[PDB]
Amino acid sequence: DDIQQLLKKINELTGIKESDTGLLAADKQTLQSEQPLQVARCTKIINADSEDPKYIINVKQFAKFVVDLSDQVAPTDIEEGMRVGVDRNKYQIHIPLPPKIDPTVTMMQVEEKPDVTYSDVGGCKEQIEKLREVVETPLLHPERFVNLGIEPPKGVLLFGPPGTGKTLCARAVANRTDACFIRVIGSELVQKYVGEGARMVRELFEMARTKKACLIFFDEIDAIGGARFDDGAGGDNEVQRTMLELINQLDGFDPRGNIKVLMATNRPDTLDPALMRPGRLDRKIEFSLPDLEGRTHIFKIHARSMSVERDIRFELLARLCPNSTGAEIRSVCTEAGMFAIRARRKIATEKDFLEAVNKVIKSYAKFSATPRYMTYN
Amino acid sequence: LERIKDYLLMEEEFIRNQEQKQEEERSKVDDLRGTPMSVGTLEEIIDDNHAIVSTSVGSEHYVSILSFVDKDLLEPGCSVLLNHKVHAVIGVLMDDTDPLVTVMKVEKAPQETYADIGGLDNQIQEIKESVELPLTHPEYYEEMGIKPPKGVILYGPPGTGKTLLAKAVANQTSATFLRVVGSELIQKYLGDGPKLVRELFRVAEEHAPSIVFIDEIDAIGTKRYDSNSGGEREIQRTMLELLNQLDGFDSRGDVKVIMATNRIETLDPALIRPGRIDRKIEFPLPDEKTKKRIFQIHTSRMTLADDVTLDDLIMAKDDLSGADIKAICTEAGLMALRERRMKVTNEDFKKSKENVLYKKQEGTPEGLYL
Amino acid sequence: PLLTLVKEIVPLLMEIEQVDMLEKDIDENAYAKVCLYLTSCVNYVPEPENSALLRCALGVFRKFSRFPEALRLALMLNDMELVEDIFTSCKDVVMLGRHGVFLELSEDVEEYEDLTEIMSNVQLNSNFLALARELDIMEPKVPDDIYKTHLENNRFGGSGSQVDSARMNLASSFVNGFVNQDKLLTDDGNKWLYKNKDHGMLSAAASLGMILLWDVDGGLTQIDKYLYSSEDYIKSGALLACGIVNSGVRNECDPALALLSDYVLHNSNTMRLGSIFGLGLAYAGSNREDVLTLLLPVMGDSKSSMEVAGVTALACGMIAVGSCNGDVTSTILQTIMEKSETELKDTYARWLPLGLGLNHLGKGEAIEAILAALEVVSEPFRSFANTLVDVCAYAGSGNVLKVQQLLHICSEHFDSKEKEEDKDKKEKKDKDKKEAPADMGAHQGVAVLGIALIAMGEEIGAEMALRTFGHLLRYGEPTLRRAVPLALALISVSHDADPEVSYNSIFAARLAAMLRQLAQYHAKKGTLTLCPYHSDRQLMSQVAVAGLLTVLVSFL
Amino acid sequence: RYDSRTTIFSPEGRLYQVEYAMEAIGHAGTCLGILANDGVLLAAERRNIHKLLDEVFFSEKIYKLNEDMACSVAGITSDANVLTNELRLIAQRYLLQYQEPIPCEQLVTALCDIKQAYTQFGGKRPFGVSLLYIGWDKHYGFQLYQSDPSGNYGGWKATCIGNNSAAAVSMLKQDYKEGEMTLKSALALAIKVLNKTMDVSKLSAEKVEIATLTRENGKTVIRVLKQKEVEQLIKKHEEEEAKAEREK
Amino acid sequence: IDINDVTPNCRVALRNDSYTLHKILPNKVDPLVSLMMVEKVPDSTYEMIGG
Ligand SMILES: Nc1ncnc2c1ncn2[C@@H]1O[C@H](COP(=O)(O)OP(=O)(O)OP(=O)(O)O)[C@@H](O)[C@H]1O
């Protein structure tokens, strides 16, 4: 109780301290001019007329306004189908407005480069090769394709078991793309308003068209309504419209033109048939569980950073992993280091990995990995 | 009667929290700012200082900015504050996250350290190496070359106190702890719910070291089954956004995820994979030694007769959970109060176990058969 | 188990009664709630009742023998005579060897080698005489350290490099000296001391003393390396090195005062000033008189420059110092006369409490310190000195009354004498630091903020302290920025990587660079070692004063 | 899931179809037996009593299988008729080969092996019948046995299978005395147990069927008590309850 | 009204012209208020309950 009193006394002391403690030219001349300065609400012109132009503008939700040009403007500068700013009080186009950037679509563009080389991805040479000629070689050297008169697929679908490396390869392509890479946020495409997301998909293609040669990565295609049950309830009707808008813009009545689309799905079966149909996505690069040479290579790349005895045999460790995804092989390397940290040995040994191989695969409830059955030897 | 001092400490703490302008420069800004200021998105930036600002009414008129403290913070997607009438950008953009995200952040953990938990020491070791140890001693992981495991799943039968480990982590964590149930993403509006998952993660990155607890993850992500009837859950889209945040392009920075499920088989394979849950922790029903520590901890702060045999209750009945042990201790105290004895006899504990375990009926004729 | 025994604690009548009936339980009730009563005396129970408990705890423990636990109460009691009686019992049974070896660190400010001769009359094995003197405290340290690791230039590596630009060039060599247990800093480089200049040159010569924490013969080897140094700065550092050679010397200390010591503002006199602090490094407390005669004329001379008086004050605060509650040190008695002599000289006002306050430290009621303070009261710089002395004079125990008194005075808008009061709050509490968080943001005092980082004080290495220093890493005031790394260094005694990288990035100025080096300087609870924090009350000291400030050392 | 074929084994090593059949025995007339020193008894509940039904057939749940053995059947009616015939056949087949009445444990093991086979072979469903065996053999004396659809069997001093078996087993475990059953006392235990297990009030004679096997003059004399004999036992139980009144 | 009195998720009143904090208004609850059913407490039946 005395110890509790000491804390209460400490709180009382803090209360005494708090009570005792209690006991640019922009903000100058410019403000006087700024308050009178008038506003000009943005609006979009749809048409123009002879003699008095009488340009009629839809504000954005208000009305079609027949507004004459403002006195201090050039009639030629105001143009049909051009965003403009109209003062509410003077009801005239005081100043024209530059075209809307639509920043949310601009945000999805990667802009930065992920620092992953193709070297880090391992055990999938064939999958890398297939991606190289739909992503890097057609863009880097189109002449070879033209010589055989063969068009590039212009579309790729990466599908495989989870943790295989589909996205890891995609970030590697982004590192050396030498062309705009547009990662797409799947949730962003779904929107509260009906078909608001569909409008965004048109913008996505429009942005892609403006840039010359760009690759769009629709990771998690299932998020972008990648199914078309389209039942009578039509709960997914808004998303289904968004999916169809992507399909038409992707191909039909003039397709991507210079856009290569990379789509990655853990479950390929769920994807809607129209998207799966080629032309929209000509290549079907499925990633697969790595073979023993691949399993050794993934172990070597993951363990190169870790400090370990030089005599460790990755081939034995890979053999002990019968069907392991790349992520699980990475999990063995990290777990092996954690066991060495637990015993406080700075340099790990082969035994540490074997304990990890049991922990990452056998210890997990795989059941097949842990054997209690004598059955087979 | 030392309670009065404790009550005073609590009241004093509340008072302390309750008790937690320039002569000309501030007054000029006060005049410049409107009595009501409306906050809206910034759509376009123009060098003249008249920048297009989007609003709920959509008036995007270019508006001058005169911010005394700084006007260089303007960015696309920033929520600028505008005068109700003039609509000019008043000053530094408002910087507050969405209200639903604010509720998750937890500053006070009721439970103490791992001391209350008994017999889950192996489970404590795993949570510490993934959560507490990397922050306390970052050098060890770098020297090994290992990158610390960032994700953990606690899976166990009902009442194994998986949540208790999470409460214990909250008690001793440098990282801000965001406690979000998996069932707290029921947003009716199409969209919004996957966006809320993005919001929780962006806040975690803003708070730098952070621990995310998602109790009952079964609701947010299970199976990833097809639409079937065509109702379309949209929950699968929400889970896919979480899957994207944990390991879907970019990076997770320094955010650690703890997730708890009564049933782990139902959870979809992609979510429960290395890279989203590097370490997996299993809580088994307590055995005998684990039961002894739990029984002692629950009875530590109550009157105990010499006659009571803690070992007899633990050995005689096998299957009771750690929560069941606490219930037996609370029930035994009530059984004694019926006889008006504050002290608890061995007889009370024996009666208590029977009352608590009356709903648990298991097994069929699997006795003679094997 | 003593649960209802604690009830009679309020009547001390309890102290005599407790020894009377305590027989069967060697610990149990004697430990637990009665030991918690000792802990509560540290936590909430007042110091006079605490003194009564110490005697009661000694009385019960004496029946159960176990002299080292009884000794811990005796050092807390600060009664040398009571400690000597326990020492006679510990001498009777030979563990006596651990008791002596730990005693050099365990002993309070009451004695340094005074404790070594406390039970010397029997002499016998000569334990405590060598065990409690510097002879056994650091004799096995160099072999023990060798088994764990090999001392070398590893912290002088590029990751640990502190840069040059003159201001940090001296700091980098001194930082390497902190790593020095490790005896090659002077050997490293060619004339590394020559590269050091002015205050830095003093620091490099001081590193000879740092190079050997123990060993008089090894220190004489250091003296030969820089014998009769040509430059005054080298000469002053070499005299200081003689002081840092041992926790106690008995040999080199007598010549160090004899050498130079002009006693008036002069080169030889300034050269001796280093030796004056080094002799101070040897002891701590209030009232010893073994080497008081050697340092008595130095404060008596009262040279107008604070440099002679301030090192003499630092020396006296740690030279002729033994008894608790403060004492009438002959120099401290005339230090007040020197303080009365100087109406101005604000440097005197901060420096004089370095000696007067240190004597008044290691105190209980300190009513005698209050009487000395009544003599001290006068002009405002002296009044600020009185406040600094009063802050040291506070008991340093569970009593919150002294802390509340500083808090109320600190709340006043004028804080010229209240700058160190915030630091005093930390000195008083060493148990549950619930009140340790200080609402510095609420405080508007630039000076209050300046000492706020120092207010956290020395720590084991807890992350909470590092977070506060990081939040205040770049305050507008250069002084505020300077304090956080020194404070980070105090906790240091990431683990250190996050501060080094963050300090470098936030810094980029020479001022910013040096404070950052100081945090890396310390990258790798004793009454005697309560000296360095007191020795650097204000980091406001100028870079030349900061080079003189490098003298601070004592903790393992 | 792991149901349908008796052949499939659940991931927990459980044959659900066999387990379902063992649970099914519950929906059947109560059958109980007491070992009884100097005798043995089988008691059954005659369910589905109606005014029109003749009940001409001697017995209904009690079938003799040999000169010195008998069984009471609880389970699917058709399966019971199949098993009773086979049990009668095995008894005579052993007599033909060895000219000695079959030892009781052996007759039970043989039917149990047939019942066991149905569970191991895919085509057939496990038998839905469980039965109690009363007999005297020279090797082990008076014995009582129980068979399960699983094919497992046991010897019980007292046991019950149909309807509220657990209620009878709990009543039997407390009331039964080892070595002191003394036939007439065992008959009383049966009437009292029957009153508790049956929801029927007053335990009328038509509702109860009692068969007692005794060895008289070196010859087993299996007898099914006539209604008048059953009535006197019921009246004695009612009178005993009247004696219990006031004292209870 | 003090700033301290104001709390998140509180239904305050904003002035018609300047949007000022006129007062703090309670009853900030969704349709679940009807479910409370605290009003019109059910007829007392503890005695009416049987064995
Ligand atoms: N072949 C590989 N080479 C190197 N690292 C790999 C490989 N396969 C998997 N990984 C590791 O697994 C993670 C990469 O997973 P990635 O980003 O490819 O997503 P994914 O799990 O395949 O995608 P999804 O969840 O959609 O199935 C990283 O930790 C990476 O190091």
# chains A, B, ... in the order shown; residues from 1 in each chain; ligands from 1

call {"tool": "interface_residues", "arguments": {"of": "chain B", "to": "chain C", "cutoff": "12 Å", "atoms": "only C-alpha atoms", "output": "list in words"}}
result
residues 9, 13, 16, 17, 19, 20, 133, 134, 135, 136, 137, 138, 139, 140, 141, 142, 172, 173, 174 and 175 of chain B

call {"tool": "interface_residues", "arguments": {"of": "chain B", "to": "chain E", "cutoff": "12 Å", "atoms": "only C-alpha atoms", "output": "list in words"}}
result
residues 14, 15, 17, 18, 19, 20, 34, 35, 36, 37, 38, 83, 84, 85, 98, 99, 100, 102 and 103 of chain B

call {"tool": "write_last_selection", "arguments": {"atoms": "N, CA, C and O atoms", "output": "CSV table (one decimal), in the first residue's frame"}}
result
chain,number,residue,atom,x,y,z
B,14,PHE,N,-6.5,10.2,-14.8
B,14,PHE,CA,-7.5,10.8,-15.7
B,14,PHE,C,-7.3,12.3,-15.7
B,14,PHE,O,-7.4,12.9,-16.7
B,15,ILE,N,-7.1,12.9,-14.5
B,15,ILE,CA,-7.0,14.3,-14.3
B,15,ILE,C,-5.7,14.8,-15.1
B,15,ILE,O,-5.8,15.8,-15.8
B,17,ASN,N,-4.3,13.4,-17.7
B,17,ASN,CA,-4.6,13.3,-19.2
B,17,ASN,C,-5.5,14.5,-19.6
B,17,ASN,O,-5.2,15.1,-20.6
B,18,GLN,N,-6.5,14.9,-18.7
B,18,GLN,CA,-7.3,16.1,-19.0
B,18,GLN,C,-6.5,17.3,-19.0
B,18,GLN,O,-6.8,18.3,-19.7
B,19,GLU,N,-5.4,17.3,-18.1
B,19,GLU,CA,-4.6,18.5,-17.9
B,19,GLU,C,-3.4,18.5,-18.9
B,19,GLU,O,-2.5,19.3,-18.7
B,20,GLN,N,-3.4,17.6,-19.9
B,20,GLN,CA,-2.2,17.5,-20.8
B,20,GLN,C,-2.1,18.8,-21.5
B,20,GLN,O,-1.0,19.0,-22.1
B,34,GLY,N,-11.2,31.0,-42.3
B,34,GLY,CA,-12.7,31.2,-42.0
B,34,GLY,C,-13.1,30.6,-40.7
B,34,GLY,O,-12.4,29.7,-40.3
B,35,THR,N,-14.1,31.1,-40.1
B,35,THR,CA,-14.6,30.4,-38.9
B,35,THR,C,-14.9,29.0,-39.2
B,35,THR,O,-14.5,28.1,-38.4
B,36,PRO,N,-15.6,28.6,-40.3
B,36,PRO,CA,-15.8,27.2,-40.7
B,36,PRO,C,-14.8,26.9,-41.9
B,36,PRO,O,-14.8,27.7,-42.8
B,37,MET,N,-14.0,25.8,-41.7
B,37,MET,CA,-13.1,25.5,-42.8
B,37,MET,C,-13.5,24.0,-43.3
B,37,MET,O,-13.6,23.1,-42.5
B,38,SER,N,-13.6,23.9,-44.6
B,38,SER,CA,-14.0,22.6,-45.2
B,38,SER,C,-12.8,21.9,-45.8
B,38,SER,O,-12.2,22.5,-46.7
B,83,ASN,N,-11.5,27.5,-47.1
B,83,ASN,CA,-12.5,28.4,-46.5
B,83,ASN,C,-13.9,28.0,-46.9
B,83,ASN,O,-14.0,27.6,-48.1
B,84,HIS,N,-14.9,28.1,-46.1
B,84,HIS,CA,-16.3,27.7,-46.4
B,84,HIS,C,-16.7,28.6,-47.6
B,84,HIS,O,-17.4,28.0,-48.5
B,85,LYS,N,-16.4,29.9,-47.6
B,85,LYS,CA,-16.9,30.8,-48.6
B,85,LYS,C,-15.9,31.0,-49.8
B,85,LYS,O,-16.2,30.6,-50.9
B,98,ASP,N,-8.6,7.6,-41.2
B,98,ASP,CA,-10.0,7.4,-41.1
B,98,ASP,C,-10.4,7.0,-39.7
B,98,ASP,O,-9.6,6.3,-39.0
B,99,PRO,N,-11.6,7.3,-39.2
B,99,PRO,CA,-12.0,7.0,-37.8
B,99,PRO,C,-12.0,5.5,-37.5
B,99,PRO,O,-11.6,5.2,-36.4
B,100,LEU,N,-12.4,4.6,-38.4
B,100,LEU,CA,-12.5,3.2,-38.1
B,100,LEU,C,-11.1,2.7,-37.8
B,100,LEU,O,-11.0,1.8,-36.8
B,102,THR,N,-8.7,4.4,-36.4
B,102,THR,CA,-8.2,5.0,-35.1
B,102,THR,C,-8.6,4.0,-33.9
B,102,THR,O,-7.8,3.9,-33.0
B,103,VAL,N,-9.8,3.4,-34.0
B,103,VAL,CA,-10.3,2.6,-32.9
B,103,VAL,C,-9.4,1.4,-32.7
B,103,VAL,O,-9.2,1.0,-31.5

call {"tool": "residues_around", "arguments": {"residues": "residue B:288", "least_positions_apart": "3", "cutoff": "7 Å", "atoms": "only C-alpha atoms", "output": "NGL selection string"}}
result
:B and (291-292 or 314-315)

call {"tool": "residues_near_ligand", "arguments": {"ligand": "ligand 1", "cutoff": "7 Å", "atoms": "only C-alpha atoms and all ligand atoms", "output": "ChimeraX atom specification"}}
result
/A:120-124,160-169,220,264-266,298,325-327,330 /B:243,247-249,270,275

call {"tool": "residues_around", "arguments": {"residues": "residue E:23", "least_positions_apart": "3", "cutoff": "8 Å", "atoms": "only C-alpha atoms", "output": "PyMOL selection string"}}
result
chain E and resi 1+12-14

call {"tool": "interface_residues", "arguments": {"of": "chain A", "to": "chain C", "cutoff": "7 Å", "atoms": "only C-alpha atoms", "output": "count of residues only"}}
result
9

call {"tool": "atom_distance", "arguments": {"atom1": "atom CA of residue D:155", "atom2": "atom CA of residue D:41"}}
result
13.9 Å

call {"tool": "residues_around", "arguments": {"residues": "stretch 449-453 of chain C", "least_positions_apart": "5", "cutoff": "7 Å", "atoms": "only C-alpha atoms", "output": "VMD selection string"}}
result
chain C and resid 419 to 420 423 440 469 479 to 480 483 to 484 487
